[PDB]
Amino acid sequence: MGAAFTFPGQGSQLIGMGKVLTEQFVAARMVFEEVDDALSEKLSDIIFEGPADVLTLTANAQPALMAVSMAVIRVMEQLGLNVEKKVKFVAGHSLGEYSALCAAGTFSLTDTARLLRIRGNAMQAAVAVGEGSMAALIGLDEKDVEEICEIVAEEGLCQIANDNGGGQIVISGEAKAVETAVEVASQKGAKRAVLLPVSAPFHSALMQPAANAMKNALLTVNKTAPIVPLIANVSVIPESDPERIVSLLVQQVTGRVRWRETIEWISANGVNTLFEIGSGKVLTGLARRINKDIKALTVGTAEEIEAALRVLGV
C-alpha cells in the first residue's frame, strides 16, 4: 500500500547536516541560500560548522531542520517525485509540522523559514530563565505519567509534552514540579527519568506567549490548503483546511505532541511505509518501536533519496 512522509523536530539537528547534499545538488543548495536570504543571516554557516550549542538554540534549530528537510524534498522533486500523486499523508514532530506544510505547498519556503524563526524566538523568550524544565521518561504509560503530573500539582505545573511511542514520554512545566516528577517517576520504576533543568518548557501552558506570537504571525502569511493532508500533532486526523490548520498550529505550542497516536493512525489507514525526510534517524527509531510491521526508512542522503524514489515507484 501507501506511503507517508514524516518530518523531524528539535533534537534531530547535527553539525554539517545538509552540506553534502548541497554539494551534490543545486536543488538542495538553493534551499539553504533562500533560507539564509529569508532570515537575513548566514544561518547555513551555523548549520554546516556549528558550534553545536549555537545550532541547538531553538531559534536556529527550527529553521535549520526545516531547510534540511526541504532540501531533500526539492532534490526528490527534481528527480521526479510528485508528492500529491505518491504520498498519502504528511506529518511532522512539532517544528516538523511546518516542514510538512511547506512540502505540501501550504506555505512558501521563505515564509516557512520566517515562521520558524518567529516560533523559535518566541519559545526561547516565553518564560524567564530557570523557571521551566522538561524531562525525558521511559517505561511509564501515559495514564501513570498523568497521575504523576497530578501528584506534583502542589509544587507547580507539570504536563505531558510528547507521547513518542516505545514507552517514551516527555514532560514539561515549572522547574520544581518537573524535578519532583522525575523523582516520582524513578520511584515508580521508570527505566529512564532524566531532568533537562534549563530547557524551555515546550508544549506546556507556560508557552502561552509563544502561542500568541504564532497566532499573529500565522494570520498574515499567505497560505493554501496542503496538497495532501497533514496529520496534525493536536488532532491526529487528516487536516486540509488552512484556517483550521492555523488554529491547530497555535494550539500545538502549548499542547501535547501526539506522536505515538499519529504513527498508529497512519499505519492503520492505508500506509505501510513511513519515510523520515531530512536530518537523522530519530523518527525512524520511534516508528520501529511503535509498529514492528511497517517499513520505516530514512531519507537524508543521495543514496536514500534514490531508494525512496524506487519504493514510491517514481
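All residue numbers refer to positions in the sequence shown, first residue = 1.
- Between 204-212 and 97-105, the higher mean Cα B-factor belongs to 204-212.
- If you average the C-alpha B-factors over 305-313 and over 1-9, the higher value belongs to 305-313.
- When the C-alpha B-factors of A113, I231, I151, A135 are ranked from the entry, the top spot goes to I151.
- Considering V198, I160, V72, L195 together, the PDB entry gives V198 the largest C-alpha B factor.
- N269: CA B factor lies in the highest third for its chain, per the PDB record.
- Looking at the C-alpha B-factors along this chain, the one for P238 belongs to the middle third.
- For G173, the recorded CA B-factor ranks within the middle third of the chain. Only modelled residues enter the ranking.
- In the PDB entry, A91 places in the lowest third of its chain by CA B-factor.
- Per the PDB record, residue ranking by Cα B-factor puts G120 in the lowest third of the chain.
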